[PDB]
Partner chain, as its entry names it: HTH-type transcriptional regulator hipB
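The chain below stands alone and is given in structure tokens; this is the form deposited without its partner chain.
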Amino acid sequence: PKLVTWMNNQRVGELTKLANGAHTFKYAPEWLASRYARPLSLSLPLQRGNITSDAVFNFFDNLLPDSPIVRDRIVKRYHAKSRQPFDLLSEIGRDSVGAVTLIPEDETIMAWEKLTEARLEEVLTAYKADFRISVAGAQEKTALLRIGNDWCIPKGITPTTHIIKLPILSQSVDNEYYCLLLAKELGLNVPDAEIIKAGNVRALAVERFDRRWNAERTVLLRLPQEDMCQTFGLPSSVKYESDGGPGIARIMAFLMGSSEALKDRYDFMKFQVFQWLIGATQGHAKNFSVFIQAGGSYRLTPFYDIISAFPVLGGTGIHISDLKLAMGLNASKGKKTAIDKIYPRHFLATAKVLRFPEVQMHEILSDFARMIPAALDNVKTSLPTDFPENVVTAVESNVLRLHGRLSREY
């Protein structure tokens, strides 16, 4: 059938699934007529006819969790017609990443339901074992609306405000909380987050940057954005560079066209050094996104889904020398990927071939060189008393070891 695509009460167009299985999208005339029109994706440019490219299927598929196990749970929950994407979005497409609201064609203000601690625990635990929310991730996360100090279920098409993550890596909630705090302390653009507790559940609540309250707090708006697989028209299956996905060079080139090119290229390169320092090995293409602005211009969103592989070291069998960056750097004979083998020279060499000013690359390295020690100390003040000590020890010790390569040079 057809899923009507809305962006904050404005009709954008309709998604169709053909009898032959193909997915097509058509923009609404009224959307195309606006002087402030913007495409749903840079892979789906504004145009009048039916769009039938694989970019249509890929774009909407990328709104859903990557995991087949998670999709099975979704079908079971809402009695979805099938496992196919169009049918999943027919059930949970009301509140998605970005501003796309999908509502069945056979269907015709701000309100919410406050959750008691008991009902919150109930709602959240239900995920490990008016609620049509879809979240893009690797595990099974959901979303809720925060009103003051209470967690709530939005009614109708009222949006959510926070992405909620449960433990994966049994300490992933604590791991990400720590990494988000550290990134913020070092000047990176990342969302604020908090550890929430509902009875026996411990989850991470991350503020959404694809949502914005108006000044009077009477309307909560959704903000359009898409991830790198979506912008390049790619399936989530190629999110890693080794599978054909975009790496540093492709993304840096794309950012030359951002409405904030200078700042975004600098922030993206700074984030590569940060990931190296904290041992983040899952910085694939879906971990980066851009806001789509009026007319189709774009700029990088904050970074997110940040987790260190350091707390997983030793434990089973993973060794420090086994940790690799998802997006490799330039090396004299190819690429440099091992965190334990990377030095300032690799970042400078990468900057050189990508036309990123050497003075800017030096500034980034020198800033981490003098700020890291104090930043690791400052984060402690924001950790609860029940925060796992092994996570702090693992990350701190390894960050300091690599930081030594920066301080010696700067």
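Residue numbers count along the first chain shown, from 1.
As for the form deposited with its partner chain bound, it is not shown, yet the points below apply to it.
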Could you tell me if all three of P167, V273 and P344 have a heavy atom no more than 4.5 Å from its partner chain in the entry with it bound?
no
Heavy atoms within 4.5 Å of its partner chain in the entry with it bound: which stretch in 42-50, 378-386, 365-373, 64-72 meets that?
42-50
Using a 4.5 Å heavy atom cut-off, state whether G295 contacts its partner chain in the entry with it bound.
yes
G257: touches its partner chain in the entry with it bound, heavy atom cutoff 4.5 angstroms
yes
Verify the contact flag for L348: yes if a non-hydrogen atom of it lies within 4.5 Å of a non-hydrogen atom of its partner chain in the entry with it bound, no if not.
no
Any chance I147 has a heavy atom within 4.5 Å of its partner chain in the entry with it bound?
no
Which of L262, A338, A111, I318 has a heavy atom within 4.5 Å of its partner chain in the entry with it bound?
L262
Which residues from 343-374 come close to its partner chain in the entry with it bound, meaning a heavy atom within 4.5 Å?
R355, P357
